[PDB]
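Notes for the one structure printed next.
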2 protein chains.
Amino acid sequence: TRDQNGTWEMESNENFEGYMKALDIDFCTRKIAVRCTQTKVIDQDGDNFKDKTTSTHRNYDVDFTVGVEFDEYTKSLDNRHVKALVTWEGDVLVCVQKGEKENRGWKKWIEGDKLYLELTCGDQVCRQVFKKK
Amino acid sequence: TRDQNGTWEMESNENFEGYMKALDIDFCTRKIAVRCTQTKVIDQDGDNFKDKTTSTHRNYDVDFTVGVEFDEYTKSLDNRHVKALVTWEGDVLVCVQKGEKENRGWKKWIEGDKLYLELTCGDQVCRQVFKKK
């Protein structure tokens, strides 16, 4: 049939690299693009089409227990090995990431319907806010 | 409170570039990472945590009408300008993308609960399959 209405999620994606190389996309973009999945939302009325695509990558899971130092490989970022230790400071979850980089850690806490995440490395602080979906 | 259970979607992300530069992530990865959103699914029981993060980028929408040639900028890929023309071949939607690259187009059709997408550029064919979610 001719109706392509719906939300579609990618199952399979073959030779995406050759296609991208043929368009002269640089090596560093290609390396990231090939490990993504796509969702496609198609709204169609007669012969008018609206298409919204989003690309997604699932980083690896982290499982830990507060108080037990664990080994973590940050392969969603710099792919280094750090010894991480997570503890409560009040209701703030605090993690020190012992490794090559000095002063590497993060803090995580709930205030209202928002989750706050402060990432630190050296002198640089990154601040992320999440809302409950 | 101490319970961080839930699905969380990022609202705000400040100084992600400085944090990443401090970890020596290369310029090309940083350029892509900073335009992503994150979803965080937190399962917590007492002091045991399981965290699943996924990064998402929403490509731009394409709207067209079958039979009306339209101007398209492929900024989710090589960011070139092409004159696109979409027509039915039976129940297969066929697009020719007139531009610098020769033999650039795609075909899209439904067979069962699967949507098929064949992307072509020069000699290279990429084949994607989507299932209805």
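Just so we're on the same page: letters track the sequence lines, and every chain starts at 1. Scope of the values below: all heavy atoms of this structure, side chains included, with no hydrogens, waters or symmetry mates.
Contact count versus chain A (heavy atoms, under 4.5 Å) is highest, among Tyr60(B), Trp109(B), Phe130(B), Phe64(B), for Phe130(B). The most heavy-atom pairs under 4.5 Å with chain A, out of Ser76(B), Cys121(B), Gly46(B), come from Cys121(B). The choice from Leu115(A), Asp26(A), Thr37(A), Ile42(A) that makes the most heavy-atom pairs within less than 4.5 Å of chain B is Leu115(A). Heavy-atom pairs under 4.5 Å with chain A peak, among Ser55(B), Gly18(B), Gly90(B), at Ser55(B). The greatest number of non-hydrogen atom pairs below 4.5 Å with chain B, out of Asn79(A), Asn15(A), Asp47(A), is found for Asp47(A). Chosen from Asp63(B), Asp123(B), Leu117(B), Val68(B), the residue pairing most often with chain A at heavy-atom distances under 4.5 Å is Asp63(B). When each of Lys108(A), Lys31(A), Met20(A), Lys21(A) is scored by its heavy-atom pairs under 4.5 Å with chain B, the top score falls to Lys108(A). Ranked by heavy-atom pairs shorter than 4.5 Å toward chain B, the options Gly122(A), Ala22(A), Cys36(A), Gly6(A) are led by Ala22(A). Interface remark: of the candidates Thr74(A), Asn13(A), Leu93(A), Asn13(A) forms the most heavy-atom pairs closer than 4.5 Å to chain B. In terms of heavy-atom pairs under 4.5 Å with chain B, the best-connected choice from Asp43(A), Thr56(A), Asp61(A) is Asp61(A). Put simply, of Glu17(B), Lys132(B), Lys114(B), the one with the most heavy-atom pairs under 4.5 Å next to chain A is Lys132(B).
With respect to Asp91(A) and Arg2(B), no salt bridge is recorded, no charged nitrogen being found less than 4.0 Å from a carboxylate O. By the 4.0 Å N-to-carboxylate-O rule, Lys40(A) lies close enough to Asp51(A) to be salt-bridged with it.
For the residue pair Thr39(A) and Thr7(A), the shortest heavy atom distance occurs at CG2-CG2, 3.7 Å. Shortest non-hydrogen contact noted between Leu85(A) and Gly67(A) is CD1-O, 3.8 Å. Closest non-hydrogen pair, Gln44(A) versus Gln4(A), comes out as OE1-N, 2.7 Å.
Heavy-atom distances place both the backbone and the side chain of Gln38(A) under 4.5 Å from chain B. Proximity to chain A (any heavy atom under 4.5 Å) is shown, for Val92(B), by neither the backbone nor the side chain. Heavy-atom distances place the backbone of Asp3(B), and not its side chain, under 4.5 Å from chain A. Proximity to chain A (any heavy atom under 4.5 Å) is restricted, for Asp113(B), to the backbone atoms N, CA, C and O. With a 4.5 angstrom heavy-atom cutoff, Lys131(B) touches chain A via backbone and side-chain atoms both. Proximity to chain A is absent for every atom of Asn103(B), based on heavy atoms less than 4.5 angstrom apart. Heavy-atom distances place no part of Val41(A) under 4.5 Å from chain B, backbone and side chain included. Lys133(A) touches chain B through backbone and side chain together, each having a heavy atom under 4.5 Å away. Only the side chain of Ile32(B) comes within less than 4.5 Å of a heavy atom in chain A; its backbone stays farther off. For a residue to count as touching a neighbouring chain, one of its non-hydrogen atoms must lie under 4.5 Å from one of that chain's; by this rule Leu77(B) touches chain A with backbone and side chain alike. Within the 4.5 angstrom heavy-atom criterion, only backbone atoms of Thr120(B) (N, CA, C, O) approach chain A.
By the 6.0 Å contact criterion, NZ on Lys107(A) is open, its count of non-hydrogen atoms from other residues, nucleotides or ligands being 12 or less. Heavy-atom neighbours of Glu100(B) CD from other residues, nucleotides or ligands within 6.0 Å: at or below the threshold of 12.
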Start with the C-alpha distance between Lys50(B) and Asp45(B), add both sets of side-chain angles, then the distance that settles salt bridge (charged side-chain N to carboxylate O under 4.0 Å, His left out), and finish with yes or no. CA-CA 9 Å; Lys50(B) 287 129 198 136; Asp45(B) 49 282; 3.4 Å; yes
Evaluate the criterion side chain to side chain contact (heavy atoms under 4.5 Å, CB included) for residue pair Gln97(A) and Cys95(A); output intermediate values, then yes/no. CA-CA 6 Å; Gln97(A) 286 167 323; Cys95(A) 175; 3.8 Å; yes
Would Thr65(B) and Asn48(A) satisfy side chain to side chain donor-acceptor pair (under 3.5 Å), going step by step from the backbone distance to the final call? CA-CA 4 Å; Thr65(B) 287; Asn48(A) 301 304; 2.4 Å; yes
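A 4.5 Å side-chain heavy-atom check between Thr54(A) and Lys52(A) finds every atom pair outside the cut-off. Inter-residue side-chain proximity for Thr29(B) and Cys28(A) is flagged as unmet; no heavy-atom pair is nearer than 4.5 Å.
In this structure a side-chain-to-backbone donor-acceptor pair under 3.5 Å is present from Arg30(A) to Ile25(A).
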